[PDB]
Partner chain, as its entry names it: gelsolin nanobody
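Before any questions on how it binds or moves, here is one chain, the form deposited without its partner chain, in structure tokens.
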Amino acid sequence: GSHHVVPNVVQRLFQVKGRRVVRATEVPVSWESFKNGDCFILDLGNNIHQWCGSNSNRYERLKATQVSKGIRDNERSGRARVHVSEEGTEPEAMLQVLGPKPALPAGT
């Protein structure tokens, strides 16, 4: 019809962590939640950002892919796009959501 005036889903962040047992758990959407030893999945609805820290292990990296693709396929009927980045290669879209990055420790 001519006017759509009655309303009406939110950003989420998942931590992917473990070795023997790799677990995905929801955490606050914030840079403060990120850790260099794990992988994180930032669900923005139409885009999913998959980020692995420099010290993440292979099982976390594999599980992170499974989680990203699971949201894409099971929740977004395959239409959301997945972007893999890592520590230091984050795309501008992540910074728009999460704001300025945590500074690196002096002397890198």
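Numbering follows the first chain given and starts at 1.
- Missing deposited residues between residue 8 and residue 9: 1 to 3, all without coordinates in the entry.
- Set 63-71 against 76-84 and average the Cα temperature factors; 76-84 ends up higher.
- In this entry, the higher average B-factor at the C-alpha atoms falls on 85-93, of the pair 85-93 and 10-18.
Heads up, the form solved in complex with its partner chain isn't pictured, but that's what we're talking about next.
- Proximity of residue 69 to its partner chain in the deposited complex: non-hydrogen atoms within 4.5 Å are absent; the residue sits far from the partner.
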